[PDB]
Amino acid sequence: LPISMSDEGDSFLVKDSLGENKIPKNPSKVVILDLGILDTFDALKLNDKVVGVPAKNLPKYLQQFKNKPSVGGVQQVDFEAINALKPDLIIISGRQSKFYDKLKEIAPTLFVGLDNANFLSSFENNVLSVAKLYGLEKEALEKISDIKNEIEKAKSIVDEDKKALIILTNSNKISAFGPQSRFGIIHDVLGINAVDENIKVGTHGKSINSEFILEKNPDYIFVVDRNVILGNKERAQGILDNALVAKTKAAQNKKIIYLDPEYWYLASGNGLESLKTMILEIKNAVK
């Protein structure tokens, strides 16, 4: 699972859950397909090292990278463009793991996946491994610390008697997510209790309907609207505008929280600034 590195000493020998690579120190031509780790490059002052980004899925908080060469999207990866750039490192997360062999023929390929069962330790390991490549451990540790302090401030205000349900909307369908899922940080790190701790985890979640939401009667509903990312016309607010949901504590107290999908769905959890924004977004919704 974790990334491990030995100094060798114009490069590191690096092992991660997908394989092994010789990575040069201070790489100067990096193609990044994980949006969180791209934000981390910004935070570490490594902008000039980046030579390709998935411009098709570039969110509002990463527009300083809008003039970098495009390598397509996080799903629609453009291999010819990657190859034409002649990168010295490619950095990927779980969306691209199915392209690993093809990517690794072009250049050493680092996997920075987030472990849903161990979010914080994977986050730390991803960030510190990237910073090791550049001799920036001290800086990265200080910014990791600030994240921990933000986490403690958020936890401080959580009402231990209330419960939340996490849902994803897509076209007209609703699915639910719980602890240890792709959104589990809400329960697992920030301390917010779940209406159902036993939701089977899966990439796009457990299928449910409004009767189920009413039955659980959450105090907070956290909504990730995938429609926004795919450019469908439907919106979670429409799907949830019905009599079953309306009866819930969440609806009555206006605690149906539409989380920014450019952070939560595109999944920029590896970012030293973007993870802080997510933590703030939760905190401010429940304080």
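C-alpha atoms forming the largest set that superposes within 1.5 Å between two forms make up the rigid core. The first residue of the shown sequence is 1; numbering continues from there.
To spell it out: superpose each other structure in 5 other deposited structures of this protein onto this one by the rigid core, compute Cα RMS over structures and residues for 224-232 and for 47-55. Which is larger?
More C-alpha displacement in 5 other deposited structures of this protein shows up in 224-232.
| query | When the other structures are laid on this one by the rigid core, do the CA atoms of 200-208 or of 77-85 sit farther away in 5 other deposited structures of this protein? | reply | Output: 200-208, the stretch lying farther off on average in 5 other deposited structures of this protein.
* Asked: 17-25 versus 260-268: which one carries the higher mean Cα B factor per the record?
  -> Comparing 260-268 with 17-25, the higher average CA B-factor belongs to 17-25.
For this session: Between 52-60 and 238-246, point out the one with the higher average CA B-factor as the PDB entry records it.
Result: Between 238-246 and 52-60, it is 238-246 that shows the higher mean C-alpha B-factor.
Margin query: Looking at 40, 70, 252, 47, which one carries the largest C-alpha B-factor according to the PDB entry?
Written below: Going by the entry's C-alpha B-factors, 252 comes out highest.
Practice prompt. Determine which member of 118, 76, 125, 96 has the highest CA B-factor, using the values in the deposited entry.
Written response: Going by the entry's C-alpha B-factors, 76 comes out highest.
- Query: Should residue 213 be placed in the lowest, middle or highest third of its chain by the C-alpha B factor in the entry?
  - Reply: According to the entry, residue 213 has a C-alpha B-factor in the chain's middle third.
Quick one: classify residue 139 as lowest, middle or highest third of the chain based on its Cα B-factor. According to the entry, residue 139 has a C-alpha B-factor in the chain's lowest third.
Would you please rank residue 150 by its C-alpha temperature factor against the other modelled residues of its chain and give the third it falls in: lowest, middle or highest? For residue 150, the deposited C-alpha B-factor lands in the lowest third.
Check your understanding: If you rank the chain by CA B-factor, which third does residue 168 end up in: lowest, middle or highest?
Key -> Tercile = middle for this residue's CA B-factor.
inquiry  = Considering every modelled residue of the chain and its Cα B-factor in the PDB entry, is residue 129 in the lowest, middle or highest third?
reply    = According to the entry, residue 129 has a C-alpha B-factor in the chain's lowest third.
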